[PDB]
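Written out below as structure tokens is the structure these notes cover.
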Amino acid sequence: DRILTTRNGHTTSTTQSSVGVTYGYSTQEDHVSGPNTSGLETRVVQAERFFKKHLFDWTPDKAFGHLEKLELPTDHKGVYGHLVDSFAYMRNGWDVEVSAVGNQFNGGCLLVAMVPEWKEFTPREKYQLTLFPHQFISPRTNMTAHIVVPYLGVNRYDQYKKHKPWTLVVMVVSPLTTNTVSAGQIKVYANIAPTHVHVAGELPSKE
Amino acid sequence: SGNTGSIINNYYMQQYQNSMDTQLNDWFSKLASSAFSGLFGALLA
Amino acid sequence: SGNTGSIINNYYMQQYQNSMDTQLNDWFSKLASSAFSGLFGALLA
Amino acid sequence: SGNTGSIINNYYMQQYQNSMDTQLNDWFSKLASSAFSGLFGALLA
Amino acid sequence: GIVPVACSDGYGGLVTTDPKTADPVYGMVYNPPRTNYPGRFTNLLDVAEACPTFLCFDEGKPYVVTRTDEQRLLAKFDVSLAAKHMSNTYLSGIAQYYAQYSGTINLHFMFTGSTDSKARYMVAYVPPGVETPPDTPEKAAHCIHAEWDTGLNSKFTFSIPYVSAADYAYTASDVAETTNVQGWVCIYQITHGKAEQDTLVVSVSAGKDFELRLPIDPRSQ
Amino acid sequence: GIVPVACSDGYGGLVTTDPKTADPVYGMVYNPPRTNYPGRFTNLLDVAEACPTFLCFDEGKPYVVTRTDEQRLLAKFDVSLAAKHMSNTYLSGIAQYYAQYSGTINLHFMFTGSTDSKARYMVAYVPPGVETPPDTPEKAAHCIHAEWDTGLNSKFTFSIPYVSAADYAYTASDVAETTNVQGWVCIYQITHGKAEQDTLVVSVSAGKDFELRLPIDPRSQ
Amino acid sequence: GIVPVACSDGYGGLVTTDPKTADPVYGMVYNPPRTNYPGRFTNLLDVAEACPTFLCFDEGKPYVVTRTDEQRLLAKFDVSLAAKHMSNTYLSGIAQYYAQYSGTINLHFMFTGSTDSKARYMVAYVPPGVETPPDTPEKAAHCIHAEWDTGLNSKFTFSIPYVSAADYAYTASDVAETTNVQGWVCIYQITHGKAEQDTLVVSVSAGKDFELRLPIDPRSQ
Amino acid sequence: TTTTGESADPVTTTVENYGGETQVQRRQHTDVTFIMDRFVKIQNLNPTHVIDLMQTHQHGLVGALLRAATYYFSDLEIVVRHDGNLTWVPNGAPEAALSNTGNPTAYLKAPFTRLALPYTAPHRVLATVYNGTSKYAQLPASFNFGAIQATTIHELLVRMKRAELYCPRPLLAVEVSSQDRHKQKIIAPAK
């Protein structure tokens, strides 16, 4: 079964070239009600839905090791984004779909990974990014990678304006190859949904 | 537990020897155990 | 009792280690336990 | 075992005191035990 | 033979908080009885819960007062055991000897006006995340808050909740932290009627789950 | 009297890896709960088995490629955790801290060509005993080997067997050993069809019976 | 309080043969299996009983020979593990590391002549008590002795008995003892027929009750 | 074994595929708690020193393995060679407290002092990397095991007790230029 439909709230995504879903580090969330929020946290399901971001253009000239990253959360102009401005503390996991649409006559390979506590990796460390939750996108096989990760961090709730626990990373493993019948470049997009969104500590209004 | 090999108990109580954990799981062991082995397809051995 | 954590007994008898109390009570614990909580009146929650 | 004579156990566990043997026999004892003795032939004692 | 032992390097030195006892030298002492001596306390937090002590506002007054009947911020203070306003309280006196705490801190408000003076107040807990505390009840309404008016019962108590990223917070405050790490408490007067010279006395006590841990000896000696 | 003891010469010094514990000095500390924190690993080899990491070929590429459709040796490397090609792998990163190993090492080959590119490859394990590795698939066919072609499944995995005189082998390599003590792995392209710019990505992981023993601290510090 | 102990003077020094064990520092090492490795020996005397080794006669020959068919003393040697004749034997090689012994020592005689050569021999044990060993079979006949002739079985074995005043004898020999403390073994040829160039090979092994005690380290090092 | 590589599902083929037999393995030496449980040097010292495991050497056995994890937890043992008395204060204490005797203070006893200390951070686990700021690169100041002070601190060894590691990160061997193998002098008998 290569055809998968994912639903997050009133948004869905259907892909006919998937290689399944990779769960990173766990298949469930730690407890969302601990001592640090004194039972004042609440869940906001209206934020649990897909938002979109263009990551980069995969062109033939990008060599092995070329890396593009997106720290999460990112700027969000919807419900999730308003939560970041209205509550002091939050926690959520991520449901991540990355697509790279060219055609089956393209060759090459991208590594898609979710990295906790991002730090710039040296060139030698790039050979080991598969230690992190990941999938590959290779035109001969799939156009979509799908990874699901839980919230984590030294603190049970976080202040996202000060710390970003997860970073989506896309790295060229083998360069994009082109033919007379292939696409000439592939635009890479992310379709991301925050999961199990909890907030605590309502803030005053700015005016 | 770890690199210790005294056959005899510790002279001190555990509440002193270590911090005590409270409650409110080996992911990589599960991941490795779940690996596929063998082949795929049809064998002619 | 206090800040001591030897799993093993004391080599000396208690009549030597400490003074012995004779007879012929936690007030603040009672006071704190007796505190009012909740509200007062009528709630419309 | 060998040249040791403590009546009391060892304070450390065996996994620490020595290497541990794994498995997958006294030849000279058998050889010596198998030696011929007595005579050979016919005795006139 | 006798028992062979290894006198071990790195052990045996005196440590001021060690969990062992000294050898005795003068035995059989029986003490005068002290059965049921009154006023015993066995845990500092029983006392801290049961006996609220006063906050300190401008000019060393345990109260706030206002002469205008308009809505106003009567006081704002850091949710910190090292806050200026908490500096004469028993809770802060105890907390200075521990490195960390978590749990509820209770504020008590007692109105002392005459029978013909009435007022309506509001207390809000403002978590970290904003540059400055809200100056009006309207902006602060979006925070966790309580409003109450004066009447037969002169006292109102409100729990300041423990809401933080980590499970414990430091009792002391570092020279580097500019705005308070745990947020603020803001006390407003919504309005009043003939309460110009009348005051609201404020005190603080430990809540049911307030906890202090990791004893330290920090004062200059 | 009291117990007589023999304080024994040669015992009691601190040894950095000793199996005893220190005397405690600060009791009753309870930790914030960390129940079910995700991503825990309790043995380095669980991680090494589950997460293959990339080999390094000429010019720092995790793949081999060939432009001719003829049969050719695409790569040859020493079966050594100290091999140049293994130098950026997690398996070698762990192995440097142990003096010996035994067991299976798994190689993974992932073809990344377009749908219209096809190839047939061969991997052979060449034990010690010959001067130089075979340069053709025909000579290498007499060794333990596997051949496979590209198709719907892009990945092929092959176990490099542990075959040696002793039960364990050294993880490091000595300055005196000229040809590798454990042999070589040779990867050949039998032929291909329209696969000139297409690559074969190679990674390595620990096999089921791979084992590391005798912890050492060897890096310059 | 804690346990009071008396660190005792005169105890605790390292003794090279002490019966205690050192403290360990590197645990959990599992060894390659060596189940049923062949050729194991657990007691030196099992080897000494089962494997006779050669005596040494004039000119370093492990045999005696005689050209005359008359009766003659072929060899005489001290019953001593330090005897010249025993100096290349395994039994003496082991015995040098013990101060005392008791029990039986077995001598083996193997005739190597051709089929047409015949001889009759005699071996006698001469205890201490006479100035010089008997030079003829007739004088030696009054001692414990055995006579045998050559035939199909080429080997004859004889036990040298332990007969002494004390229960143990010293393995070494002192500079002061002129004639040997334990006596002599004399080997005679009674007569022979056409055995002029034929030899009698002599070897020695430990008997069933041979025993060595009190380990010593005597060689110059 | 043949599979879909893109899915990244773990696959562990064995020698049985071509007629071999998988053996028994004993992995006690790569057990996490066991391997981290040994003393290592801290090295950059001062008379006042905050205990931070990130000050272990990055290529040392313990320092490298610690950096190969994102989050960790452990209790601690320390061995300190010092002049004067040694005082320790828990995570969160004012630096000024190091001057007082009421905090665990060890009176000098040659040749050095060995102590068992509990984890005292306010967080459920600590991290070796932290992507963000802690003030209102570096790690938040709260990631420590307390601080020690003596007149002079000559040497400091730390030992992680009952260690737990989470979320593996890259761990590198020395880079090789030889083109075949990194070679070095392995111990061998004299003459």
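So you can find residues: chains in the structure tokens are A, B, ... in the order shown, residues in each start at 1, and ligands are numbered from 1 in order.
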- Tell me, as a PyMOL selection string, which residues lie within 10 Å of residue 138 of chain E, counting only C-alpha atoms; anything in the same chain fewer than 2 positions away does not count. (chain A and resi 204-205+207) or (chain E and resi 71+134-136+140-143+190)
N, CA, C and O atoms of the current selection, written as a short mmCIF file (atom, residue, chain, number, x, y, z; two decimals), in the first residue's frame:
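Saved result, part39.cif, follows:
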data_model
loop_
_atom_site.label_atom_id
_atom_site.label_comp_id
_atom_site.auth_asym_id
_atom_site.auth_seq_id
_atom_site.Cartn_x
_atom_site.Cartn_y
_atom_site.Cartn_z
N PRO A 204 -0.98 38.75 29.38
CA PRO A 204 -1.88 39.91 29.32
C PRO A 204 -1.98 40.32 27.87
O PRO A 204 -1.21 39.85 27.04
N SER A 205 -2.93 41.18 27.53
CA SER A 205 -3.05 41.64 26.15
C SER A 205 -2.02 42.74 25.97
O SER A 205 -1.67 43.44 26.95
N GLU A 207 -2.42 45.48 24.45
CA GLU A 207 -3.10 46.78 24.46
C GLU A 207 -4.56 46.67 24.95
O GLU A 207 -5.39 47.44 24.42
N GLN E 71 -9.45 53.38 38.55
CA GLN E 71 -8.76 52.11 38.49
C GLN E 71 -7.27 52.35 38.38
O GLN E 71 -6.81 53.19 37.62
N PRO E 134 1.17 44.58 32.95
CA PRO E 134 0.05 45.41 32.48
C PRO E 134 -0.29 46.49 33.52
O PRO E 134 -0.32 46.24 34.72
N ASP E 135 -0.55 47.70 33.05
CA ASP E 135 -0.83 48.82 33.94
C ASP E 135 -2.30 49.02 34.23
O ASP E 135 -2.65 49.86 35.05
N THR E 136 -3.17 48.28 33.54
CA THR E 136 -4.61 48.42 33.77
C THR E 136 -5.26 47.08 34.00
O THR E 136 -4.76 46.04 33.56
N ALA E 140 -4.75 43.22 32.15
CA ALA E 140 -4.43 42.10 33.03
C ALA E 140 -5.55 41.06 33.11
O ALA E 140 -5.31 39.95 33.55
N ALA E 141 -6.76 41.41 32.66
CA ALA E 141 -7.88 40.48 32.74
C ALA E 141 -7.62 39.19 31.97
O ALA E 141 -8.20 38.15 32.28
N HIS E 142 -6.75 39.26 30.97
CA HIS E 142 -6.47 38.06 30.17
C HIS E 142 -5.55 37.07 30.84
O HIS E 142 -5.32 35.99 30.33
N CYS E 143 -5.05 37.45 32.02
CA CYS E 143 -4.21 36.57 32.83
C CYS E 143 -5.08 35.82 33.84
O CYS E 143 -6.27 36.10 33.99
N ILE E 190 -10.12 48.31 41.30
CA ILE E 190 -11.04 48.50 40.17
C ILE E 190 -11.69 49.87 40.43
O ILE E 190 -11.68 50.74 39.57
#
- Any idea which chain E residues end up within 12 Å of chain A if we count only C-alpha atoms, as an NGL selection string please? :E and (101-104 or 124-145 or 159-169 or 181-184 or 186 or 209-211)
- Using only C-alpha atoms, find the residues of chain H whose closest atom to chain A is at most 6 Å away, then write them as JSON, numbers by chain. {"H": [6, 7, 8, 123, 124, 125, 126, 129, 130, 131, 132, 133, 170]}
- Name all residues at most 10 Å from segment 71-76 of chain H (count only C-alpha atoms; drop same-chain ones fewer than 5 positions away) and give them as a PyMOL selection string. (chain A and resi 116-117+152-154) or (chain B and resi 17-20) or (chain F and resi 22+34+37-40) or (chain H and resi 33+36-37+39+66+115-121+123-130+145+158-168)
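The part of chain G that reaches within 10 Å of chain C is made up of residues 1, 2, 3 and 4 of chain G, counting only C-alpha atoms.
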- Return the neighbours of chain B among the residues of chain C, cut-off 7 Å, counting only C-alpha atoms, as a VMD selection string. chain C and resid 5 to 8
Since we have the selection now, will you write its residues out, keeping N, CA and C atoms, as an mmCIF file, in the first residue's frame?
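The resulting again_18.cif:
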data_model
loop_
_atom_site.group_PDB
_atom_site.id
_atom_site.type_symbol
_atom_site.label_atom_id
_atom_site.label_comp_id
_atom_site.auth_asym_id
_atom_site.auth_seq_id
_atom_site.Cartn_x
_atom_site.Cartn_y
_atom_site.Cartn_z
ATOM 1 N N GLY C 5 22.582 8.175 57.847
ATOM 2 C CA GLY C 5 22.168 7.144 56.926
ATOM 3 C C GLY C 5 22.957 5.863 56.896
ATOM 4 N N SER C 6 23.406 5.384 58.061
ATOM 5 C CA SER C 6 24.143 4.114 58.133
ATOM 6 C C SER C 6 23.071 3.025 58.133
ATOM 7 N N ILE C 7 23.241 2.021 57.286
ATOM 8 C CA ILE C 7 22.286 0.920 57.196
ATOM 9 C C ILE C 7 22.499 0.061 58.443
ATOM 10 N N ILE C 8 23.740 0.052 58.915
ATOM 11 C CA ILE C 8 24.130 -0.739 60.070
ATOM 12 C C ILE C 8 23.988 -0.036 61.414
#
